Amino acid sequence: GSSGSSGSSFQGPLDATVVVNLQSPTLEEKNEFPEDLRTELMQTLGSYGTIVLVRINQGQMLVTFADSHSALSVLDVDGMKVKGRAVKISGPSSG
């Protein structure tokens, strides 16, 4: 297996930011992320780690955390659904 190697991974932006999007958003969402969802998300996603900053875009949701690993998890568990709505998190990183 790969326990040691895995353990010592160390790889992530000090920023710890990620973009959140909805799979099947409605007019309300298509217009701008809802508050009933935001909080739920901010409080939800936050759980995994710690919300240190957040920025909702006309049609996006750049959430920031304290640690990077957290993002990974949130990126893995992303598959999860909020308010019966499928969420999709991406990596706002590209050089």
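Stretching the chain fully between residue 31 and residue 86 yields a gain of 18.1 nm (0.36 nm per residue, less the alpha carbon separation). Rg over Rh for the stretch 4-58 works out to 1.09, using Cα positions for both radii and the Kirkwood form for Rh.
Less than 5 angstrom separates the built amide H of residue 17 from those of 65, all sequence-distant by 5 or more or on a different chain. Residue by residue, the stretch 47-55 carries 3J(HN,Hα) couplings of 2, 2, x, 8, 6, 10, 4, 8, 9 Hz when phi is fed to the Karplus relation 6.51 cos²θ - 1.76 cosθ + 1.60 (θ = phi - 60°); x denotes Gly or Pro. For residue 33, the residues whose amide H sits under 5 Å from its own are 60, ignoring neighbours fewer than 5 places away on the same chain, with H placed 1.01 Å from N. Ordering 53-62, 23-32, 36-45 by mean Cβ neighbour count within 10 Å, with the highest value first, yields 36-45, 53-62, 23-32.
Computed on the chain, the Cα convex hull volume stands at 115 Å³ per residue.
Among the chymotrypsin sites (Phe, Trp or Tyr not before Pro) in the stretch 1-84, those placed in a DSSP loop whose Cβ has at most 11 other Cβ atoms within 10 Å are 10.
A short reminder: the numbers here are calculations on the coordinates, not readings from a lab. Don't worry about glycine lacking a Cβ; one is built from the backbone with ideal geometry, like all the others, and counts go over all protein chains shown.
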